[PDB]
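Letters A, B, ... mirror the listed sequences (proteins, then strands); counts begin at 1. Values below: every heavy atom of this structure, side chains too, minus hydrogens, waters and symmetry copies.
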Amino acid sequence: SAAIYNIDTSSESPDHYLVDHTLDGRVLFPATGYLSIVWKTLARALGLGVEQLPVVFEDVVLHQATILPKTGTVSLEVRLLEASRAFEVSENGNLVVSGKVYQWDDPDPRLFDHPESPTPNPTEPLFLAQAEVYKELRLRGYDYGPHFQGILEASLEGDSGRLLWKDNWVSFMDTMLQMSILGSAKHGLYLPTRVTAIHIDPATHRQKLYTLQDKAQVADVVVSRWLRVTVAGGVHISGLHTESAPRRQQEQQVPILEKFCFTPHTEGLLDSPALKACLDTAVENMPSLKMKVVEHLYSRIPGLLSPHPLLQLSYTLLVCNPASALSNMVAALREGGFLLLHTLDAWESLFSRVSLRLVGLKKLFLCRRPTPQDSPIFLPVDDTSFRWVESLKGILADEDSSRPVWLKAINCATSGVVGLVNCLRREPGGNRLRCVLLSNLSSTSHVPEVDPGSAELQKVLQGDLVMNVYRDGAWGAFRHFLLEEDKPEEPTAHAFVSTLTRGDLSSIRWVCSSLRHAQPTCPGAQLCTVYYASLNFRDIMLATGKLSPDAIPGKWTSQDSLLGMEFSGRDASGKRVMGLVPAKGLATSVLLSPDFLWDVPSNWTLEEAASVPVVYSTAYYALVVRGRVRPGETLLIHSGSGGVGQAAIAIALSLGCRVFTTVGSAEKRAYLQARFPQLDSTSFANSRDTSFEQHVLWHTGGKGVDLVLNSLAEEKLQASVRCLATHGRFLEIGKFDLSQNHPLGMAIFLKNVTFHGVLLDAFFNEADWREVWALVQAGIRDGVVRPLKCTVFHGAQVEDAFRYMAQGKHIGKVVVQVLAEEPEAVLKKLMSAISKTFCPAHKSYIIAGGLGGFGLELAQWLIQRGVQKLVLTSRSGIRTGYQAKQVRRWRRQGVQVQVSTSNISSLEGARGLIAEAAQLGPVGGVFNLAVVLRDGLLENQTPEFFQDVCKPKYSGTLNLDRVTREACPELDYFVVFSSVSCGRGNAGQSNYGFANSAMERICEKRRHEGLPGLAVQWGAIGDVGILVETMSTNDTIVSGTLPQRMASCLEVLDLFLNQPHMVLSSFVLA
Amino acid sequence: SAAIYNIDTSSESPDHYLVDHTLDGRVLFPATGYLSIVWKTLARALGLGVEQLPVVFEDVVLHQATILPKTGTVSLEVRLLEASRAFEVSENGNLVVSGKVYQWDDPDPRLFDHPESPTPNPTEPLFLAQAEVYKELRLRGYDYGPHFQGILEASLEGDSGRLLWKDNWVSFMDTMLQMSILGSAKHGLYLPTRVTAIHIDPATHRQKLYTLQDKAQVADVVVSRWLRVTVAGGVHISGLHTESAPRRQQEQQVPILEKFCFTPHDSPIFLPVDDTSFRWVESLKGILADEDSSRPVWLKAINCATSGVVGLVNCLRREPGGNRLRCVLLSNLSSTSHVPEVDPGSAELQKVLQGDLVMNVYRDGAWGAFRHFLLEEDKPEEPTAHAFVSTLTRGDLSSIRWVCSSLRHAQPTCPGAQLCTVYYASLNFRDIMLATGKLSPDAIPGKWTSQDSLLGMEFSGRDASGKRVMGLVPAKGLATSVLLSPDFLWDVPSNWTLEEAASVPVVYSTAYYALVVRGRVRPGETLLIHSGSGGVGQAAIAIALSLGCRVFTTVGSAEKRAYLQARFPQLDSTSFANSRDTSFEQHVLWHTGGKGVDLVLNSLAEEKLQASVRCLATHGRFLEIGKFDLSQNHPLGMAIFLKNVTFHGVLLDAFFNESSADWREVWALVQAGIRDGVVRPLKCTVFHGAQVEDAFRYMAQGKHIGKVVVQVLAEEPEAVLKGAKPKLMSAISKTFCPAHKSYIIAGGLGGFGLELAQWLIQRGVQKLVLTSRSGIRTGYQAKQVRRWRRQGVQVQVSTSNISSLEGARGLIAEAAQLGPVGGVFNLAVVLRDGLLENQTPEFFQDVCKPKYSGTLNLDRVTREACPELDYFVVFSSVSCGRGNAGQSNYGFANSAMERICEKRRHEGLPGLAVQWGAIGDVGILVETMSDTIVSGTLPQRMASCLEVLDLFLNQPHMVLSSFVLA
């Protein structure tokens, strides 16, 4: 019969380890789980056990992924064809896995021998530990749980390592597959789809397992990328073919983005940031997380307070939108409560009569009832030595006393008192003990300071607001405002077309390109001004998500878009040219070698010239170079009304060749008849079904065609092969059958048939292209290369062009005109594009703390954004294997990344660091990610903790500020990574909040003077960091906030770097 | 899961009709039987009936043939993979049929529309009847019984017809396949092995059926070989592939071959049978009426020396009253005129009567009788300068011998063809596969007859001018002489030897083709050659090293490794891998840096071909010169073409069909390589032409390195020897005919007449004159005659009756108009059966007019005006030698024919009388009678009949017999 496996991933279920095989947030059945169940079925059929049956899997193809639900059961049916040696796995009648499985009759232990490494004896003392290996895997989208974490150790290149054996054949072989992708330079999720051959011999597997000092038996895994073979224990995976799996948008966390900006106390309104500011002020001035609010304000206040993670809201603070009513409201409100009244001298008099003190004015009236307090304690937190923390502990150590303690920062305007107070407010000492500050942050020296011991601070006590900051005359405090949802745009002459969300044509926008921040115009490349950029089928396959971006050959990062393979326009000299590019051709400008450039003749329009390069190069390479079309031959050209088909028709008819075309429309028949008069009514067939084969065979006298230009697939491809004549040439221009490894029956080759896999894409990564270029040029001179039909969409209608030519109704080529041709001469451009952060290759960028968790990922992101001169500052240098691997990759791929021990906490250290950066090139960016943690309750806090926690962040940022101001006139980025702890408050880390707030003040001062400045209030970071590596596993709720993923973190950083705001925040709600 | 189908061929079993699907004497399960079984399994799985389940079969592959035993049951297990749409038929765990089966979701009745014929049928009235269709099929080896005889009618071209419907799908689709293979130029037993797609829609099948006047449901069948499709009713077979299954050597037709040579040792009734009016038949009947006085019946033939009453006495003895009559003959068969006539009125007659011998015939002073002697089993060997190597029995290297070539009995002379004496002929892998039977003769392209031997693909020797040349031929290279076009000849260089040069033409042509013309190898390209120790591998190594290419070679032994290292010193230790394993792939991928190799010249198979494909680099070229994976249609993963990889199916044998400038490119490449020294001949192990069998078995095992060369003639020391005549060597005699001579077949439109005509065409006859009183009537005759005419033979269908002397003279003149009369075959026969009691002198006259008088006139006219006559063959019957019930006249005519032939041979003229037994598969016993015992003898099959006739035509005996005992 059929063996049925009810896959239950329940707690008491004997297959519960499968819940730990999470990929992109979905529990997927492992590719090796199918092998295990097929092995079990074969053992049952043969009467043996799995451990007693060596097994061989051949041509294993995984047709779909099985999603294991949280609750329920998935039934997988394994059917064996013993005579055919084949198997199949079905979920609900749908084919899941197919291939050949059979008993290994003569098992060879010599097969499971580790092949010699291509670069043996690396002499590398640093390796990738298990934690680092799975951190790197998680960064790529592999959320493997503890049961599938079997790589205890691996080399930095992923070519060798150690595999933990846990009496499991699914987990061990899945870790074997993990090792095969650990060393891959590809980015993103890669799932196994085809494996050429898997050999499992448990007999030699048992003898290859050796126990460690832990007493857990392990094996040694080796990945030979040259041989395409993975061996570990008694398993030999050969020919594994992983295919990119798109990362689902559901797993993409949506973060809350806010800007930290100073808000004066004294400044339609319901739907304005003033209401949010008042609500946040009330939340800040509160004993605990309980929010007792009594009231059309029910539709805004709960929504505005919802982003706050720890706020417990009880909506029925007093909000309303006369003397007796005010008295009743005051009586209802408790001591220290806030009354928020919205209405269109009399109001102030009524508030005074009701003993209400106004603390906010938005022109929304904010009133707070004074609370009886004794003489306050004045503690200056402006001491550089942090000697004030001892007095802070002394006053806050008396739990019995409720006397207010007013902190003051009258000096050192860059004082981080805000974050310190934010963290103290939720600490058990100081929740109601009034740990209130007062900061005089003068952004300009012209504005005079507020003298102490005067009426201004008396008004401060009168208001009794927890946060009181004097910023350029006005009195207020810093507060969080929701960031604008719109992506910032700038007028740029260099832009490109990108799909912001993969697979969505409506997401197509023009984005700032990397050809403006860096323009390294040198021989071998040319910054060509694109006038017309045509679309190809690959562009839609990319923009609709049907084709993975990495399937395009060439070194492409995970951020850049690859839309457009061809353009026409101008040159640096101004000559009218048309060029062929591997990608990025759908842009305002393209950097391209002159080898892939032609000269547009005088008669040709620039618009019509924009359809020739891709289509005619493809046709020439397929027909002349590869197909070797002799004159007078017979050709079957599929999709002859398309681009490549039309050029092949023109080329063949230039040689006087009999042509058979397949078109799916009578309109396309008419168009081809009109375009090429030499075609006969018998020359046209149907491209939407197989009957073209019967048409060709009948009209060729059963002989067939000498050439086939096949873009069709499946049964149409098989019929096209059947159309071949003796000595016939088959040119495969399509990719579906090739990508799916569909079986081509090897009996057509008995007709002296040559099968061509024609891909005009290796010309951009390997020379021989000059032959095709010369052929295209010669066809241009002879008139053979004729411009195609061009449907024109302007630059602003790129989405319209994409969704038009996706319908398939277009005839010829669809052209996106970027810049209109000027009729003034044939020898003699601003556009609002989304701001994307890009960096010149000639500038140096410093990441203090760049060897840490966020530091390494930010460095990699900067590399992908064009940074070629990088300086990473660490207090200890390279210690971990992960850091060594990342720095090694960056150095190998061409970047001048330099590790420096110089500490920014010292001014001389910062000067030396800036000098080291300037040695490579001008300092274009400074990133302060240096951090240490002395987290603990205030009673355990010591001044030395404040010194050593503020030196990495506060004094380091001050030194970076000074040195950049005095030696970096060309600096473009000054980014410090603060924390949401500073923004709102995290009990147990007060000095951390102080350092972060001081960095925020430094950045605000920098931005006020017109210098670059940016402070990012980061929430918990998920993939890497300090809290994740130490303790936090996966995504646990931390202080009401989910740990943000690195992909979202880098996207948010890209967004933040293109905003005029001084300080912005980012976190993900639980 | 597995649906069990116990196939029982017992009479009570529902599957008893399967006994009628006999092929080559074996009851085979039809391919359509597998189709119906899988269809039933799919219907059961979907809970439907077959008639309610339109079905599609795809990529049906038949891996083995199921033999249905006479006693017992064969169980076929069918397992369905619905998810993958695949099925599998297994018998005792062995895979039989695999493919894709699924329900036709959208049945299109427009699919079952008969395609238009490429040309209109001119002979619409002249079609092939059911009897003719299955007579032809049985001749090809298809012994279809009544249940599988569903082709009611068929056109001569075999592209259309009608199929009878018996509510049986297996029979209907089998007849569809039969109609598909009916119009096939290929001869032999062809069985389906692969079908691309089969669409069965019973819904439109019911509509397509129609009822004739016989109340029998029929369906029109159309076969389109241009579209490679066959449509009939609601069945659509596309891409049917049939491979010629060799006919089993366990042929029960082991004829008893005998000679007929003269063997010296109441009231008497004398009846003179010498009268030419046969008026004595009534007297013989009156004599046989009596009982007592009829004991001494002494019928004497005195006047005519070729009276032939021997058959009269033999057949009349079997009649009731023959032994009682004791019929005794006095035949004065004086072979020479100078011999004295034995007087029948003297003491000689008294002595003959006293002897009482059953048969007494006088022959030049000897009183004897005609007796049957067993024919010598030794094949006649003759000294000829034109002989070829052939396997007498396929698959047996022991049965390898030299047979007289077609050039000996037919010397051709025409521009564009050269007759070159062969000094050294080289064995090739295809030759070994042909001799061992692993390769069918039909796999080699060309127009090859059934008896044609295709051993030998390459040779070296001297042309007609005496120049030293080595050439390449499609086949027949293992001969003492080769007739080939000059475009396939290379001049042997002075420093080369004929033995040395006899290794280049195939090996280096193939290597140069595959590498340069197909592979387009460029200098410096990493290149992988499989089996580099063999010929083609060695040539590819030589070419690649001449181009300075890095070479990876796979060899099966360390000795071959050492030989390649010594021969090509440019190969390092890292250039060699293992060909008997997959490890060459790992070796190549490691030593190439994982990139691959730019070219792969692969002759390996199965996993060793997939590994080689995996060895390919980006822009790699795969040159597939092997055939196993090509012939088996093994799947090839198409993801390799994502590496810009070109896959070449390289077959050098395609150059012998067109011989255009495409071959001239390879010829120029080989000549240039010869003149630059790139083409260097391989090591040759030489076996003398006397012993070719040991060469075949030596190279079959595979220890040989380089080439195995058979030396036909030792190269004499000279440059251009004027003579160049092949040495006279003894070879098995084979009947061949000049192309310039005309051959007459009296009664050549009959069954045996048509078979002999086809055999003569296969033996080189180009001018045929078939005679028939009524001309062409049957569609089989028209099809055969038009096929011969289209082949190029001048076939003349004359109505000149050989009964009259004037008619024979006109027939001979008609033949001489085409060309000199090289041979006359007398097969004209009319039959007037019945016992002697119900017999008439007119019946004797009618029966003897075609045979007795026909041979009279043929002998006379050939003597007068046929100096170049080589054959005078008449077909007698065993009924003459022994006797048949109620066939006295037939025996008399046959014996007269035999006497005529004996006299002709005695006078030195050609003459042959064949006493045929029951003739099978065609003729009179096939139409009138029904593998049925006739007079204790089985009907001899026509393949055996033609083989025995070939044996007889090369014998010195006047009369021989052939029959098969039951």
Among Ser224(B), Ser90(B), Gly637(B), the residue with the most heavy-atom pairs under 4.5 Å to chain A is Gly637(B)
Please classify the contact between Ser98(A) and chain B as side chain, backbone, both or neither, with a heavy-atom cut-off of under 4.5 Å.
neither
Taking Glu88(A) for the side chain and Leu95(A) for the main chain, is one N or O donor matched with an acceptor at less than 3.5 Å?
no
Chain B shares the most heavy-atom pairs under 4.5 Å, among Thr196(A), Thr754(A), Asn752(A), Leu227(A), with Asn752(A)
In sequence, state the C-alpha distance, the side-chain angles, and the governing distance for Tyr102(A) and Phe57(A), and then conclude on ring pair (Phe, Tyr, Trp, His ring centres under 6.0 Å).
CA-CA 7 Å; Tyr102(A) 51 95; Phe57(A) 300 89; 8.9 Å; no
Using non-hydrogen atoms and a 4.5 Å limit, figure out which bit of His727(A) sits close to chain B: side chain, backbone, both or neither.
side chain
Just checking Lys643(B): does its NZ atom have more than 12 heavy atoms from other residues, nucleotides or ligands closer to it than 6.0 angstrom?
yes
I'd like to know if the side chain of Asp59(B) reaches the main chain of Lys100(B), judged simply by a donor and an acceptor atom lying under 3.5 Å from each other, with no hydrogens or angles considered.
no
Given the options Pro635(B), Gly596(B), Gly93(B), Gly649(B), which has more heavy-atom pairs under 4.5 Å with chain A than any of the others?
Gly649(B)
Chi angles and distances behind the salt bridge (charged side-chain N to carboxylate O under 4.0 Å, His left out) call for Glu77(A), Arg79(A)
CA-CA 6 Å; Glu77(A) 268 156 58; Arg79(A) 284 174 176 88; 2.8 Å; yes
Give, as side chain, backbone, both or neither, the part of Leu80(A) having an atom under 4.5 angstrom from any heavy atom of chain B.
backbone
Just checking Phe584(B) against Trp590(B), ring centres under 6.0 Å apart?
no
Between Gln610(B) and chain A, with a heavy-atom cut-off of 4.5 Å, which part of the residue counts as in contact: side chain, backbone, both or neither?
side chain
Quick check: do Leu62(A) and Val60(A) have side-chain heavy atoms less than 4.5 Å from each other?
yes
Which of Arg626(A), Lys735(A), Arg225(A), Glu82(A) touches chain B most, by non-hydrogen pairs under 4.5 Å:
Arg626(A)
Measure from the ring center of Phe647(B) to the ring center of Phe730(A) and say whether it is less than 6.0 Å.
no
Can you check whether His648(B)'s main-chain N or O pairs, donor with acceptor, with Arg621(B)'s side chain at less than 3.5 Å?
no
Portion of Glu58(A) that has a non-hydrogen atom of chain B nearer than 4.5 angstrom
neither
Which bit of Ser583(B) is near chain A, if near means a heavy-atom gap under 4.5 Å: side chain, backbone, both or neither?
neither
Determine the option with the most heavy-atom pairs under 4.5 angstrom with chain A, choosing from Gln632(B), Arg520(B), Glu585(B), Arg194(B).
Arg520(B)
So which part of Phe736(A) gets closer than 4.5 Å to some heavy atom of chain B, the side chain, the backbone, both or neither?
neither
Of the backbone (N, CA, C, O) and the side chain (C-beta and beyond), which part of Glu624(B) lies under 4.5 Å from a heavy atom of chain A, both, or neither?
neither
Which one wins on heavy-atom pair count under 4.5 Å against chain B: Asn741(A), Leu697(A), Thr726(A)?
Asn741(A)
Where does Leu717(A) contact chain B at under 4.5 Å (heavy atoms): side chain, backbone, both or neither?
side chain
Look at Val89(B), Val650(B), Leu642(B) and state which one has the largest set of heavy-atom pairs under 4.5 Å with chain A.
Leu642(B)
If one checks every heavy atom of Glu607(B) against chain A at 4.5 Å, the contacting part turns out to be neither
Can you tell me which portion of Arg722(A) sits under 4.5 Å from chain B's heavy atoms? Options are side chain, backbone, both or neither.
side chain
When you measure from the side chain of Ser612(B) to the backbone of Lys608(B), do you find a donor-acceptor pair of N or O atoms at a distance under 3.5 Å?
yes
At a heavy-atom distance under 4.5 Å, which candidate from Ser1(B), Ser238(B), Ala639(B), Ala2(B) has the highest pair count against chain A?
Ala639(B)
Step-by-step side-chain hydrogen bond (donor to acceptor under 3.5 Å, both in side chains) determination, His241(A) to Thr193(A):
CA-CA 6 Å; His241(A) 173 262; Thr193(A) 54; 3.1 Å; yes
Is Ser660(B) close to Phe655(B) at the side-chain level, that is, under 4.5 Å between some pair of heavy atoms?
no
Okay, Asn94(B) and chain A: the region with an atom under 4.5 Å from a heavy atom over there is backbone
